[PDB]
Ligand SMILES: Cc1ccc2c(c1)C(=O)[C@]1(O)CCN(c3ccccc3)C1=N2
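Take a look at this one chain, the form deposited without the named molecule, written out in structure tokens.
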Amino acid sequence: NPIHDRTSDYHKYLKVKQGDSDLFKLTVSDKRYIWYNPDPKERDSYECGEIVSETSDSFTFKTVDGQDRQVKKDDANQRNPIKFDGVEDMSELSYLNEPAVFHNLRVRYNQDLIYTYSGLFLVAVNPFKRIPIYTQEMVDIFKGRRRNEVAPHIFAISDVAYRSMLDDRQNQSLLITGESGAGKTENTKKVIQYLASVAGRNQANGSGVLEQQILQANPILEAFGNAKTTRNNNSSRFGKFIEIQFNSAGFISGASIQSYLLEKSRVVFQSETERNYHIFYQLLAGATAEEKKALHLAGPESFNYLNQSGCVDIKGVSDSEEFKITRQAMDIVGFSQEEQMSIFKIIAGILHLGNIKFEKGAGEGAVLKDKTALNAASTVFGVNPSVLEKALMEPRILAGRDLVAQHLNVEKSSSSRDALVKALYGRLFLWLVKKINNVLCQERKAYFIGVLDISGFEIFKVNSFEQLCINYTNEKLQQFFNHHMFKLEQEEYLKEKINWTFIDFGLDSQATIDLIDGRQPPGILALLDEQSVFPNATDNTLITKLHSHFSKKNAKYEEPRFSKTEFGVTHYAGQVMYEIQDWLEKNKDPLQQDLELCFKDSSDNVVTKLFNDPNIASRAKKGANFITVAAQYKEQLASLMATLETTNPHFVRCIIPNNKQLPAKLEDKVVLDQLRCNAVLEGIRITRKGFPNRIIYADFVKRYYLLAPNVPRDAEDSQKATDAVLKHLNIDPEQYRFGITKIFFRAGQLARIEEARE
């Protein structure tokens, strides 16, 4: 049942059902169409045309409503011949317009074919349905297969990365990106699944204990890193760089996980129709009778951190059941049964801190009249409720050389409480991953295949400091792609006898990067850092600086017309308006030293290494105190790229067909503007300067042969074996760059040579 049997699930679900015959009796076209739009202003809605007057000025195409508009060779989105509809590689489409590219994966999608190669890119549209293509029988089919040797699948790009590591003896990397809830996380899971198979270490068919530890380090991270949102009922609230390490033989020997940008806010505040992290709900419905009273728990709605968001129980699964796999995977990877209670006690404590309703007392300054929830909160932790009490409403400050206790109003006595909660969860999660690495990362890793999982550019309603970071990361990854293209493009420029004219891109992406992290002149991240060192500077002066540095003095910068708090940065994808607000606070992650030294000596074995160890409770020591959140981010990002540059990358781009989570719903607007949020199309357009028919070597030699007296069927060398149907037919040095060595083909004008009778 290989590529041979046409009645296998492989042919059924991953292939376009293959007719019979082949010759002049298969769908044939003898005319020409075009992609126009019925609505002039509305861009994302197109329709089939008809081209009736050629004249090299414009195209006077017919319509379907009977009328006859016009257009020239600047917008004419000439549609590809129908024999192309369905192609697995868009790298062959004679025309590369926006609608053309949308139509292909549109046809692919209606046939449940969600994977499609676009150049060196791997495109995958979220099916919102159960396609049975992830079986063990499926994995065995991709083993030892080549890209052009099989159909497009996450397994195809996985195997290829694995084979290259064994052959070229180089390191590999996968870059899976896209909007949240668009396919990723799941794709990256399939990558690990496949690799656990081909490079598995079990006698007969299974895991070798080690493999499971890896396969099980996943349920845990989703329990703390996932939650239901408006995009997906699982949606990842963090980025991650997973490194799968091997030995020389090609056997999986260990792995290591890297974490980024955890959504600390979700803990304290979930949005409408959304819910908090899974771990909370799995605990409540999961913990047995005695465990509930042990930590003083009650209903999943009697907690201020889980009730205001108008939703609790999700539609499709339970929670107590998935709490089984959580504690199950927790003891497979290795976590003391007591260390697991410790983890839960914090998850439980967090709930009670959210239940501390601060009330007003004598004039300003709050009062916790009802010491009910705090006591319980302080119980599970192991801290002094008395000192915790006033360390949260009467912290000391170092104003001058005086160190004075200070009563706080409700707003600031509540903010400090939420800041305490975030810090805890953000460190616990930072502790989880840490324990997992020491159980899976290694000492003498031979080679590794890395899987970067993070979202690309994203324009929300209100962009804040966390959006600046990822958009800053994307600017580099997108620069990494365009740069990687040079190297290769130049290579196959060499073995063609005739070599192409040196061509450069200095990459206009460097400008935006300078605007963000530049040193001299200072960039956003720089000016922001100088503004944070002062125990004084506000959010007004913060933006006052930027506007005085970049307004009318920087191309990528823009000052809003009527807005008094924002600024716009022109990225690769477009302009994004950023709101200032609490950047000055979140850039330092302040935590009143009293709450720090309050927890720093508690009764527990887990909650203490969170406050006592600088590897988890602090940042790099240089000059004054430790560094800023933005400083650490620039550093880690830079480190990420250092590794990436050492590897041979593969690019996967996830897509969502609709904002409703429905199958068979391919929205033009939604899907179309998503092919530009990413550029998977422009990736090929750069090769269009040479050849846009990218495929293997020469096929006109080994495909056609019936054509009228011109080229024979079998000639001597695949280079000039067809030395007539593509030259003496109105051609000369001006098409495909084939001298005497190697090349790829050119199909731009390909339409006059074939389309009628043989």
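So that there is no doubt, residue numbering starts at 1 and follows the sequence shown.
The same protein also has a form deposited with the named molecule bound, omitted here; what follows describes it.
With the site C-alphas superimposed, the ligand pose in the bound PDB entry sets the named molecule onto this chain such that three or more atoms are within 2.4 Å of backbone or C-beta atoms; a blocked site results. Of the stretches 452 to 460, 78 to 86, 349 to 357, 91 to 99, only 452 to 460 has residues with a heavy atom within 4.5 Å of the named molecule in the bound PDB entry. Mapping the unseen interface onto this chain, residue 473 counts among the residues with a heavy atom inside 4.5 Å of the named molecule in the bound PDB entry. The named molecule in the bound PDB entry comes within 4.5 Å of no heavy atom belonging to residue 529.
Residue contact with the named molecule in the bound PDB entry: residue 262 places a heavy atom within 4.5 Å of it. Taking non-hydrogen atoms only, residue 544 never approaches the named molecule to within 4.5 angstroms in the bound PDB entry. Site annotation in the bound PDB entry: the residue of 436, 666, 684, 640 reaching within 4.5 Å of the named molecule with a heavy atom is 640.
Residue 239 is the only one of 119, 382, 239, 649 with a heavy atom lying within 4.5 Å of the named molecule in the bound PDB entry.
Residues from 625 to 643 that approach the named molecule in the bound PDB entry with a non-hydrogen atom closer than or equal to 4.5 Å are 629, 633, 636, 637, 640, in the order they occur in the chain.
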